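**Q** There's a structure below that I have some questions on.
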Amino acid sequence: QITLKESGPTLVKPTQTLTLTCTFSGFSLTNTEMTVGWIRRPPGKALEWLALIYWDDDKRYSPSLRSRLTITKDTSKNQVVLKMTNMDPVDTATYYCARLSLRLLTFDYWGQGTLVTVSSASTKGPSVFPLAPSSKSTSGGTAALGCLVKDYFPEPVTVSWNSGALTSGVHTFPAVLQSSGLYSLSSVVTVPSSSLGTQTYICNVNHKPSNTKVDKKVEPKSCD
Amino acid sequence: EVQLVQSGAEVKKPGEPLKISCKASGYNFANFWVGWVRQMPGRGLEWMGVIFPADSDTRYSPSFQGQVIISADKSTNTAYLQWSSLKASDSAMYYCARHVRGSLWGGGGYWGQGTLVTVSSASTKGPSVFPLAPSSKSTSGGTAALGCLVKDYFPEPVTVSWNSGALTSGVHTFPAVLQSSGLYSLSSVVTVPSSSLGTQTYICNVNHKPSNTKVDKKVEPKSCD
Amino acid sequence: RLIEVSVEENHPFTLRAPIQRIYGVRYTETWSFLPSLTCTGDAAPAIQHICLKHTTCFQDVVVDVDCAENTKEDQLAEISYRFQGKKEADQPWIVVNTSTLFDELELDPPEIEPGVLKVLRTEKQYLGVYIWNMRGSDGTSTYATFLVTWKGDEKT
Amino acid sequence: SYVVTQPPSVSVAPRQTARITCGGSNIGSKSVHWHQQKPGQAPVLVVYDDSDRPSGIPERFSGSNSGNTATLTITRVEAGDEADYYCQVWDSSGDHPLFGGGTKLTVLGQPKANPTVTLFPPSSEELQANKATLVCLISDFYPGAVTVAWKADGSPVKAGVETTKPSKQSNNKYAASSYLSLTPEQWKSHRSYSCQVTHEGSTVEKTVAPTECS
Amino acid sequence: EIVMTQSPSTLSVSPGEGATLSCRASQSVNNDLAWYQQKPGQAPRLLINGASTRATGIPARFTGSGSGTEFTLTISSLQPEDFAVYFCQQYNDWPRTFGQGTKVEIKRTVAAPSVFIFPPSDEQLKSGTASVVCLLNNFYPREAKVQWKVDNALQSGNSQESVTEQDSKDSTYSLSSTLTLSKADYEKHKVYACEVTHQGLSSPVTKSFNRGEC
Numbered sequence: 001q002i003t004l005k006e007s008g009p010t011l012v013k014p015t016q017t018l019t020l021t022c023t024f025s026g027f028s029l030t031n032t033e034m035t036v037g038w039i040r041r042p043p044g045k046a047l048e049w050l051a052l053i054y055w056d057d058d059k060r061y062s063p064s065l066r067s068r069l070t071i072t073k074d075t076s077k078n079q080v081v082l083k084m085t086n087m088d089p090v091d092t093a094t095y096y097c098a099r100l101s102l103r104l105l106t107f108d109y110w111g112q113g114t115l116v117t118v119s120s121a122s123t124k125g126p127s128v129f130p131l132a133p134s135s136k137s138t139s140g141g142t143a144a145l146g147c148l149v150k151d152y153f154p155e156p157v158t159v160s161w162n163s164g165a166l167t168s169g170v171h172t173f174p175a176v177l178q179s180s181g182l183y184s185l186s187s188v189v190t191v192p193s194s195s196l197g198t199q200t201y202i203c204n205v206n207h208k209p210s211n212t213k214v215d216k217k218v219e220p221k222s223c224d
Numbered sequence: 001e002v003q004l005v006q007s008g009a010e011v012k013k014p015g016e017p018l019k020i021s022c023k024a025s026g027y028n029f030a031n032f033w034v035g036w037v038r039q040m041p042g043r044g045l046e047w048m049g050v051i052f053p054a055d056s057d058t059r060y061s062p063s064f065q066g067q068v069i070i071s072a073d074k075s076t077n078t079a080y081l082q083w084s085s086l087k088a089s090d091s092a093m094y095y096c097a098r099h100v101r102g103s104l105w106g107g108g109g110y111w112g113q114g115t116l117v118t119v120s121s122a123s124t125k126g127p128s129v130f131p132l133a134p135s136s137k138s139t140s141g142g143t144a145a146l147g148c149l150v151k152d153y154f155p156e157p158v159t160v161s162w163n164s165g166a167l168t169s170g171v172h173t174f175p176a177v178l179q180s181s182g183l184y185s186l187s188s189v190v191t192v193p194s195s196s197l198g199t200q201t202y203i204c205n206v207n208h209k210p211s212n213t214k215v216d217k218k219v220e221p222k223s224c225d
Numbered sequence: 170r171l172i173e174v175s176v177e178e179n180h181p182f183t184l185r186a187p188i189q190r191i192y193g194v195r196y197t198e199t200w201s202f203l204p205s206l207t208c209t210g211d212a213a214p215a216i217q218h219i220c221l222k223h224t225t226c227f228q229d230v231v232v233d234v235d236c237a238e239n240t241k242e243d244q245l246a247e248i249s250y251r252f253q254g255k256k257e258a259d260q261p262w263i264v265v266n267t268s269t270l271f272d273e274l275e276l277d278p279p280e281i282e283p284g285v286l287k288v289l290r291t292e293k294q295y296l297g298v299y300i301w302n303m304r305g306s307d308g309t310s311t312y313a314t315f316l317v318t319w320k321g322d323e324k325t
Numbered sequence: 001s002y003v004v005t006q007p008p009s010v011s012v013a014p015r016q017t018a019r020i021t022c023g024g025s026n027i028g029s030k031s032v033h034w035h036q037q038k039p040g041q042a043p044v045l046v047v048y049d050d051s052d053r054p055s056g057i058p059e060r061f062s063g064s065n066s067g068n069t070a071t072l073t074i075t076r077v078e079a080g081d082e083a084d085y086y087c088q089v090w091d092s093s094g095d096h097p098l099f100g101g102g103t104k105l106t107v108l109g110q111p112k113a114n115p116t117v118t119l120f121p122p123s124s125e126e127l128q129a130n131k132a133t134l135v136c137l138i139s140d141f142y143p144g145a146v147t148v149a150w151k152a153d154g155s156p157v158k159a160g161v162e163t164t165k166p167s168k169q170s171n172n173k174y175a176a177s178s179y180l181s182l183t184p185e186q187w188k189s190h191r192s193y194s195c196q197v198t199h200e201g202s203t204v205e206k207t208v209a210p211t212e213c214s
Numbered sequence: 001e002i003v004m005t006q007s008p009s010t011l012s013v014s015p016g017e018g019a020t021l022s023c024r025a026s027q028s029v030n031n032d033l034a035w036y037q038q039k040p041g042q043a044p045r046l047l048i049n050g051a052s053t054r055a056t057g058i059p060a061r062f063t064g065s066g067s068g069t070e071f072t073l074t075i076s077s078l079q080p081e082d083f084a085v086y087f088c089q090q091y092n093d094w095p096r097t098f099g100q101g102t103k104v105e106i107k108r109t110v111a112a113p114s115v116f117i118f119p120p121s122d123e124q125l126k127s128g129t130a131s132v133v134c135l136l137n138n139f140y141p142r143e144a145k146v147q148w149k150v151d152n153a154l155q156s157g158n159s160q161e162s163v164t165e166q167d168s169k170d171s172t173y174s175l176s177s178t179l180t181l182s183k184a185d186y187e188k189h190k191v192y193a194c195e196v197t198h199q200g201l202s203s204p205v206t207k208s209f210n211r212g213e214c
């Protein structure tokens, strides 16, 4: 089996330098048929080629962005590093690292990629609030209640409902762009009316750029 | 550059053997093709054969096999053509040619100057001159023509001049025709205005090298005595 | 061990060499020549079964001493590439041609492609012996030797 | 450099056959491959090196390569086949891989269902921070063409109103969110805030008032 | 034996204009055709080899095209030095056949000829056979018929004719016709006459003389 993973930062200020790491396992670059490449994806645009590295320190660079790339390999620890300097706001994208075989000239195995975002803001934590179910929202005996985080930066937020055990009836809406340019999201769960008072609902939010872990319980609102 | 030279003109008699030489200089003689071509007045231009002066390999034309022999000399870089018995139908011009490139399938790249071979049963003779006299019946718009007729000479060529070279303008000298008897005849004519019929003296000169003849003859009005 | 090939005038011919390539290794190919234009008849190189003292017996081409002294080793063409793909339109190669032997003879240089040498119109200036060599970036070397002579000389 | 062009968008009615073409000047001699990727997912390979199959790839995908055509044909098409497809080649002049522009497949003709509309207000502690952001939630509707309207007792509200492009999830449906932010005092000032969702002539309205409990 | 035809047999192209010569073969000869040019009293020179290539030093005005069994050579601008004979040759199968040839002349206005008749002098009478001569000078084109009318009847079988080349200044022509007889044969008849028929002249013209006339 072949395994590829990606790591690095997520926020880059304008005209600074960006570094990213792609790690691989299941093969060795000492073999003379394997190459490692990097590509990127803008919002709803074409998969763009960035760079390619061989076994013999050969380099293949994109014609459009040739002057501003660097790619290096380390066979001892099975690592590949990419450096891309002079960031631009319109270059926000998602970047992927993949494997290529010289016997077919087509990319076979891919990773998961990572987000690269350019902005002039600062890291902010979560503002977590419980969204309680309402009587009008109870249709067919099902009520929706959840955990809403607002005023956070940047994308994304890793959400665990009861430590990820519950996977049915979970709606985690995509983030939104406010007039203030601040994302806001909410993870909700729809449960039967009879089970409203018998099951414990706890949201866990983990934020890798800010390495923050926040746990909050959701309960229905009580009149006072 | 490229240089191909040939030998002099040949006059012979039937029943005698002959050999001609074509010299080449200016390249590597071994790895190229050289061959011969014949031009005769009455059947056009024909190919005869080629040689490759590195293995002496030969391929004659179907028609000419067993009539000639083609050989090459790598020392002095010369091609040779040999006959067996000169027949009366072997009087023509001959050329030696080297191919444009190193392949067998190519045209004639570089040529020589040509060898003229003439065979006839007659012997050397000297020409006789006669006056084509001017007259009143020889008038066309006030201009009268007069000339010299050279007959019964062998072999070619014969030089004709008019009045030592002063009257070279308006002259006309037709080619030579071989008569049945085996001797050539030709004419030369010039035109003069009728106002100078008796003033200028017209003396035509004929020179013949093989017969060593130099004859000057006068063209004058034919008096009705 | 050498290959025997027979050709005829005005008939094309082609030489192909056994190749065992491995993807990803930078590879170089070299072609050579050894003519017999001035070596005709018994002086021309010939195939003989050369036998060792007790064990080895193999075919080899013997060249006359005078013919060998009159023959100089020459380079016809050199190719450099890397093995990749299955088709041929996806395989780029870099060719270096320093062969001046056929330029002075005013002939057509042979058509060389990876593993193949082809001549369209055979003449008497193409006969002789050919040497083919393959080398790689992993330390592998392979040699082969072809012999082209006139048709009909095999029986004699 | 080689140039490869493919049509941008092709729509196929349900359960039919779809053919996507990768074409270029003398494209038969070159190998052309297919890469598939759904939104918000890692790309996957389906067809490589002129119509063979890797393990796990569905059998409804077929490839043909001849002349100036490389055709990818899918039969028995579901909604789950709605994804982004690319044709990739190895450009020899630059000796590097080259991707295309991408093709999007549209699966119309799906059954039509009325949207589910919910409205939820900010909690107590959110109001304690002198902020209020009420969220409307639209789920299980198709197609993804809704209009979100905020009515304060019938008066349209356009201040601080955000509506998002509905998002596809794993069940081949779309879902959308809407936000409207005011001060807690502003929230308490109004009488009835109604979220209305319009979908193919179907209007679903849900109203809420600060007087009642949440 | 491969045979060839050259077309057409004669050209008359004014300066500035161009010319097209056709060479027709019998069997297929592939691309093995050559074109040569020959002038009065000089060795032929190579113009075209391989039916498409130009030899070293050959001007671009000569373009050679065609294939199979038919070939053509075209000249755009005719310099004053380009009127000569042109031959086509094949080198596929032996015998290697040539062409008869095509001649290029200079076109000009038709000019009536000047006709003279010369009787034999006395020296030819004493020495033996006598010769009478008819002369045509400064005419164009070449076609012109000269006949001898001994006594009052057409004489034939005893006339020799010669013609010169193009005039270097006015492209006019000249021909000479000689009739030979024996002394007794000359003395036996009374009147000798020369008849000339030419395209330019309205009617044939006859010049006659009698023995004993100066």
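Residue numbers (the entry's author numbering), protein chains in the order written: chain A, 1 to 224; chain C, 1 to 225; chain E, 170 to 325; chain B, 1 to 214; chain D, 1 to 214.
Backbone N, C-alpha and C fix where the C-beta goes; we use that ideal spot for every residue, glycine too.
At a cut of 8 Å, does the stretch 218-234 of chain E reach the stretch 127-136 of chain A through at least three beta carbon pairs?
**A** Touching, no.
**Q** Please tell me whether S92/B has its Cβ less than 8 Å away from any Cβ of chain E.
**A** By this cut-off, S92/B is an interface position.
**Q** What residue range does the beta strand (DSSP E) around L201/D cover?
**A** Careful: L201/D lies outside any beta strand (DSSP E) and carries neither H nor E.
**Q** Are any of the Cβ atoms in chain C nearer than 8 Å to that of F83/D?
**A** Closer than 8 Å: no.
**Q** Would a C-beta distance cut-off of 8 Å place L145/A and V176/A closer than the cut-off?
**A** In this structure, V176/A does not lie closer than 8 Å to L145/A by Cβ.
**Q** Have a look at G67/B and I27/B and give me their C-alpha separation to the nearest angstrom.
**A** For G67/B and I27/B, the distance between alpha carbons rounds to 7 Å.
**Q** Measure from the C-beta of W55/A to each C-beta in chain B and report whether the shortest distance is under 8 Å.
**A** For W55/A, the answer is no, since every Cβ of chain B falls outside 8 Å of its Cβ.
**Q** Spatial neighbours of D49/B within its chain, please: CB distance less than 6 Å, with the 5 preceding and 5 following residues excluded, ordered by chain position.
**A** Correct list, in chain order: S31.
**Q** Which chain E residues are close to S64/B, counting only those with a beta carbon under 8 Å from its beta carbon?
**A** Neighbours of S64/B on chain E: none; closest Cβ ~16 Å, over 8 Å.
**Q** Expressed to the nearest angstrom, what Euclidean distance is found between the alpha-carbon atoms of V265/E and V89/B?
**A** Roughly 28 Å separates the two Cα atoms.
**Q** At least one CB of chain A closer than 8 Å to the CB of residue 361/E: is that the case?
**A** The question about residue 361/E has no answer, for chain E in this structure spans 170 to 325.
**Q** Listing by chain order, which chain A residues have their CB less than 9 Å from the CB of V194/E?
**A** Within 9 Å Cβ-Cβ: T32.
**Q** For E292/E, which residues in the same chain have their Cβ closer than 8 Å to its Cβ, ignoring the five residues on either side in sequence?
**A** Cβ neighbours of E292/E beyond the five flanking positions: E178, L276.
**Q** Our contact map puts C136/B next to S192/B with C-beta atoms below 8 Å; I'd like the distance itself, whole angstroms only.
**A** About 14 Å; that fails the 8 Å criterion.
**Q** For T97/D and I2/D, which I take to be in contact (beta-carbon distance under 8 Å), what is that distance rounded to the nearest angstrom?
**A** About 5 Å separates the two Cβ atoms, so the contact holds.
**Q** With respect to the beta strand (DSSP E) encompassing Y299/E, which residues constitute its N-terminal and C-terminal limits?
**A** Counting along the chain, the beta strand (DSSP E) containing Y299/E begins and ends at 297-305.
**Q** Please report how far the alpha carbon of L69/A lies from the alpha carbon of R99/A, in whole angstroms.
**A** Straight-line Cα distance between these residues: approximately 19 Å.
**Q** Are the beta-carbon atoms belonging to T32/A and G193/E less than 8 Å from one another?
**A** Yes, the Cβ-Cβ distance between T32/A and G193/E is below 8 Å.
**Q** How many Å lie between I281/E and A246/E at the Cα?
**A** Spanning the two alpha carbons is a distance of roughly 8 Å.
**Q** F24/A and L4/A look like a contact to me (Cβ under 8 Å); what is the Cβ gap, rounded to whole Å?
**A** Sure, about 5 Å apart at Cβ, within 8 Å.
**Q** Hey, is the stretch 8-25 of chain A in contact with the stretch 107-127 of chain A, meaning 3+ C-beta pairs nearer than 8 Å?
**A** Short answer: they touch.
**Q** Which residues bound the alpha helix (DSSP H) around residue 215/D?
**A** A query on residue 215/D cannot be resolved here, the shown segment of chain D reaching from 1 to 214 and no further.
**Q** Which residues does DSSP pair with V188/A in a beta bridge?
**A** Note: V188/A sits in a beta bridge opposite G146/A, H171/A.
**Q** Thinking C-alpha only, which one of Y202/C, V158/C, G15/C, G182/C is nearest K214/C?
**A** The candidate whose alpha carbon is nearest that of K214/C is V158/C.
**Q** So, at 6 Å on beta carbons, what are the nonlocal neighbours of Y60/C in its own chain, with the 5 sequence-adjacent residues on each side left out?
**A** Taken in chain order, the residues that qualify are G49.
**Q** To which residues of the same chain is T17/A closer than 6 Å at the C-beta, ignoring the five residues directly before and after it?
**A** Closer than 6 Å at the Cβ level, and outside the excluded window around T17/A, lie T85.
**Q** Excluding sequence positions up to five away, which residues of its chain have a Cβ less than 6 Å from the Cβ of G63/B?
**A** Excluding positions up to five away in sequence, the list reads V47, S51, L72.
**Q** Which of the three DSSP states is assigned to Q6/C in this structure?
**A** If DSSP states are grouped into helix, strand and coil, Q6/C belongs with the strands.
**Q** For chain A, find out if any of its Cβ atoms is closer than 8 Å to the Cβ of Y174/B; answer yes or no.
**A** It does not: the Cβ of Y174/B has no partner Cβ on chain A nearer than 8 Å.
**Q** Does the beta carbon of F130/C sit closer than 8 Å to a beta carbon anywhere in chain D?
**A** Yes - at least one Cβ of chain D is within 8 Å of the one on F130/C.
**Q** In chain C, which residues lie with their C-beta within 9 Å of the C-beta of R96/D?
**A** Correct list: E46, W47, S61.
**Q** Along chain E, in chain order, which residues have C-beta atoms closer than 8 Å to that of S31/B?
**A** Those are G254, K255, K256, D259, listed as they occur along chain E.
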